[PDB]
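What follows are structure tokens for two forms of the same protein chain, given separately as structure 1 and structure 2.
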Structure 1
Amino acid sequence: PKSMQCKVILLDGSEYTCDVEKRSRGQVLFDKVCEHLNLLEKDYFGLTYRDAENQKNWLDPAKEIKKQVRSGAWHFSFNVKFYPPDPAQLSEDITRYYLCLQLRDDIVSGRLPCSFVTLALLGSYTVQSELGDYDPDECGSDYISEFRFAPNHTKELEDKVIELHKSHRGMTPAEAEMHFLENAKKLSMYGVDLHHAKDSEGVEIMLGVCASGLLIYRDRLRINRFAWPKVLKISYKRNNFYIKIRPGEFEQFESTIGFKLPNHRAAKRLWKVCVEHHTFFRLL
């Protein structure tokens, strides 16, 4: 049995190294990572890898790792794949814990835009979770938390995190993680996987995939949303991604909206994440 060294960036930024037989399917590595993390609610999570075009791909647990990573390194990230619309219903605190680590990265990276006040509030909950109750001994007027809270840090933001931290006295890590998630779940880009595309006129858009449906971001005005119940079916062919939308009652025929993706692999990738979200959130 020939075994391959696997490296996995965990959500705390640490690197986990393990081995799998070279012929292993993605599920084998995923199960090893989840056992290491003491994670039982595995369905929300997955491993990503970077293809030869440097695009993020989900490692398919059903297929050989080698037939996915192909010419690239056996280097992976552990990530939230399906963001729960209601994290309060997750059965385990440890699940909510990893969801918080993913969301913190979503915020710092800028993938999850956030108001000044909401950056401070989320930050205050993270601090309550990681440090416990406010202590003025590790917070002079000039205090600068080691915690990354935002894509751009200001002293005003650092001061607001501290002021809000003061109000959370007695709050346990589990409680602060729950408060974190009840706020984060309401942000407009929460759980939205964005894909660059052009519409049929060739205009640059973004297609969002999430629990509630598809979003077409033309700009900020007339965002255009298709709830899963409105979507009749989905397909790719070559560079193209097609969405069939139900007719209104007594409208006779479904409509087709077509998009141009950068390449065929981008079209398939989008198709696949749409199918996966549709199955997951039709059921959940």
Structure 2
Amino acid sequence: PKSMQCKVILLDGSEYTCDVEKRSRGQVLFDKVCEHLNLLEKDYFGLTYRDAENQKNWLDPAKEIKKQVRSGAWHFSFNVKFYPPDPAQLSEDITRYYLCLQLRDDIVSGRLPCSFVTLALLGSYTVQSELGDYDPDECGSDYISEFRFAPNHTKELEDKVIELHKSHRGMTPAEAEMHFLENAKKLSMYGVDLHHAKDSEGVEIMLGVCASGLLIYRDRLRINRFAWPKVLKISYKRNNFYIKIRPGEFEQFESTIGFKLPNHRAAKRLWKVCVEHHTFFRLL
């Protein structure tokens, strides 16, 4: 029985290696990675890979791995797929831990924009969880943490992490991680998957996919939103993506809204993640 080596970048930046049978469905590899991680609340997570166009794709656990990675390497990342709107309702601390690791990368990468003060507050909770109570011995007036807190580090940000870290004495790791999440979940881009697009008139927009629906970003004026329950049908055709909206009260007709994506793969990718969000957050 012929086996393919899989490599998975974990959220702590370490590499997990295993073998699966070459005709294996994605779920096989996902189950091995979650067992490695001691993760039971698996439904929020997934594996990604980079395609022949170097775009992020979710590995579909119900499809053969070989039919998704096709010509590319069997190289994956373990990621949060569905960001819970209320992480306090997760059953296990370890789930919250992995969600914090993902959010730390969302912040350092700049996918999750964050004010100076919230960068410092999130950093302070991470330091409190992982090192415990503040110790002056380790940190002089010139201390720079090894922890990555932001897309751009400043001395002033390091100073503020330390000042807030002092205020968390006695706080235990699950408690600090819960505080991390109670702050992070409020950020306007929390759990938003962003896709470049153009409207039916050719204006550059961004489409954001998240728990609360499909968001349309044009600039800093007029953020439109379609809550998932209003969305009856999502579809794609060539480079175009369409949403069918329920008729409003007393309206005779449904309305279809059309967008232009970079190419056909990008339209299919956006369709798939919208359908998955719609189903997941209908049920959650």
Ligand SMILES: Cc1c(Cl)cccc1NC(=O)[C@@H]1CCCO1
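Under this definition, the rigid core comprises the largest set of C-alpha atoms superposing within 1.5 Å between the forms. Structure 1 provides the reference sequence; residues are numbered from 1 along it.
Trainee: Have a look at both and say which one is the form solved without the named molecule.
Mentor: Number 2 is right.
Trainee: Using the rigid core as the fixed frame, list which single one of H36, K237, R50, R246 shifts its Cα by at least 2 angstroms between the two structures.
Mentor: Comparing the C-alpha positions, the one residue that moves 2 Å or more is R246.
Trainee: So with the rigid core superposed, the C-alpha of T256 shifts by how many Å between the two structures?
Mentor: Displacement of the C-alpha, rigid core superposed: 2.1 Å.
Trainee: Rigid core superposed, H196 Cα shift between the two structures in Å?
Mentor: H196 C-alpha displacement between the two structures, core-aligned: 0.5 Å.
Trainee: Once the two forms are fitted on their rigid core, how many angstrom does the CA of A227 move between the two structures?
Mentor: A227 C-alpha displacement between the two structures, core-aligned: 1.1 Å.
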